[PDB]
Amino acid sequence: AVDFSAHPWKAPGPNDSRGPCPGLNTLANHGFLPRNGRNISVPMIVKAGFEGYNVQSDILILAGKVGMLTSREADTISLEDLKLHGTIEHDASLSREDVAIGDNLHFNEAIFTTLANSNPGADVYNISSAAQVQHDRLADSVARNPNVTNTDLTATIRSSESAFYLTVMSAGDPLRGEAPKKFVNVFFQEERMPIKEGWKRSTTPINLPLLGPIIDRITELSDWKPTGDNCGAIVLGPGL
């Protein structure tokens, strides 16, 4: 049985590995993944994402094995390894800076302002607000980053990530594609499960069939267009 009371939030120490992903960082901060953020396998991620968020193995195996490429080890990563630019890590993040013009690893409040201020007049973020934020964040990178990369692949990953915050931090059925701002804000700003605030793990499995139409709708509403190269080539390992 999973006992959330047995999984308290603790702030990471200075030598606990944390990465650019709030999903995995939050799992580590609650001990669903190792609190040190090290020696993490795809099986560990699969189990952690299921226990913490009811996210299913389909998306976690797919994403997990791509993430494994970022380390030099046979079958594990440190969470910090995931910052490797151009494997999964991309420009026009929701809460991090572009690597060419800043820190692509740590939560940045100034970047996060765009998301925080989205969906004015409501107490939830939803698909249309998520799309607007993606549009605005990409425009910011195009304006300010002379090395900006924007491809079909980065755009899809970005929509996947928005679909994650909308589903995993939902109050009701994750199908609805909306999440309380108070929950999503805690998730990004503190990398904590907002238990005190009333959040509970989804009782509905979050899998590719559920996420797919949400992802596609976020993309559609974001008014995304190709801007240049558009080759969806990933970096296959570190130090190439």
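Throughout, we count residues from 1 along the sequence that is shown. C-alpha atoms forming the largest set that superposes within 1.5 Å between two forms make up the rigid core.
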#### Entry: Between 16 to 24 and 227 to 235, the one whose CA atoms sit farther away in 8 other deposited structures of this protein (rigid core aligned)
227 to 235
## Note on the structure
Per the deposited entry, the peak Cα B-factor within the set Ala122, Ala163, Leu79, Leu94 goes to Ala122
### Query
Which third of the chain holds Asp136 when residues are ordered by C-alpha B factor: lowest, middle or highest?
middle
### Assigned third (lowest, middle, highest) for the C-alpha B factor of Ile127
lowest
### Task
Name the third of the chain's ranked CA B-factors that contains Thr113, choosing lowest, middle or highest.
highest
### Summary
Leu221: CA B-factor among chain residues, third -> middle
### CA B-factor placement of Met169, once the chain's modelled residues are sorted into thirds
lowest
